[PDB]
Each structure stands twice: as C-alpha cells, then as structure tokens.
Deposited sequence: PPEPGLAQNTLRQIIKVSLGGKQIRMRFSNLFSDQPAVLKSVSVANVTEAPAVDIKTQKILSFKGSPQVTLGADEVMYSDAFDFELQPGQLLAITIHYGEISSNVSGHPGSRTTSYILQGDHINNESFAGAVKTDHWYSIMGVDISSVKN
C-alpha cells in the first residue's frame, strides 16, 4: 500500500532533447493508482531536487489521472532541458533504481529529508513527441 503518499523516483536518461514526454505504466498491479499530481525536475544530490526546473505534468489537460491494471498512459508534451546522460526526478502524489517515499503530499518538497529507500513500483520513462 502507498495511496495518499508521495513517491519520488530518480532515473537515468540517455537521450537529450528540447521537448519530451513521460511514459506511465501500472507496474504495481491489482488495484488502480490515482495520480493526484506528477512533477519532473532535475536532481542535485540524494533525493533533493530543484523546483526552478520542476515542471508539473498534465494528462489530456487534466492534472490528475487514474491508471487501471495493465494500462499505459503518457503525459502531455512539455518543454524540458533534457541532456544525454542526466539525472531525472519524477515525483508523484497519490490519492486513495532509487525511490523515496514520504507520507502525505510532498510535490513541492526539495529535500525529501527523512525519506526511506525501497528495493520497481511504477513504470516511468522518457519518450519522444510529434
């Protein structure tokens, strides 16, 4: 269980570009996942990020999205300073490879201090656009 919490995943991008898109797949299956808010930002150290580059994602215009079992869904296209070989952070707040869980909403939390570190949980990946 992890609903009503906030998970921040750190990934390794191998493709740079100006305009990117985010893949979302329900890895953790069974029940659906309600994504209250998603953000993408650059990584400084540890789980700490930088909001001055953070971008909040939208899904068909809506900032929230629900992902049933065996479902994949991409975010809307957003401008981002992506570089080949960079550290990327994706923070997701839910509602009823390193990864960091905090209780409650922590979309605007740089430090993520006091975070745990799990063993993934949700399939994320960068993807091209039109």
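Missing from the model, by position in the deposited sequence, are residues 1-4, 101-112, 136-138, 150.
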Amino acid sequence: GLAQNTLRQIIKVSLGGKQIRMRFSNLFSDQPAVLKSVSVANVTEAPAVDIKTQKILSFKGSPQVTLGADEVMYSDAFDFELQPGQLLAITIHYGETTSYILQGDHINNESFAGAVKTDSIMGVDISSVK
From here on, numbers count along this sequence of modelled residues.
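Between the stretches 34-42 and 65-73, it is 65-73 that shows the larger average CA temperature factor. Averaged over their C-alpha atoms, the temperature factors of 45-53 and 101-109 are higher for 45-53. In the deposited entry, the Cα temperature factor of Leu15 sits in the middle third of values across the chain's modelled residues. Annotation for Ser58: CA B-factor lies in the lowest third of the chain's modelled residues. When the modelled residues of the chain are ordered by their C-alpha B factor, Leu88 lands in the middle third. The entry lists a Cα temperature factor for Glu81 that places it in the lowest third of the chain's modelled residues.
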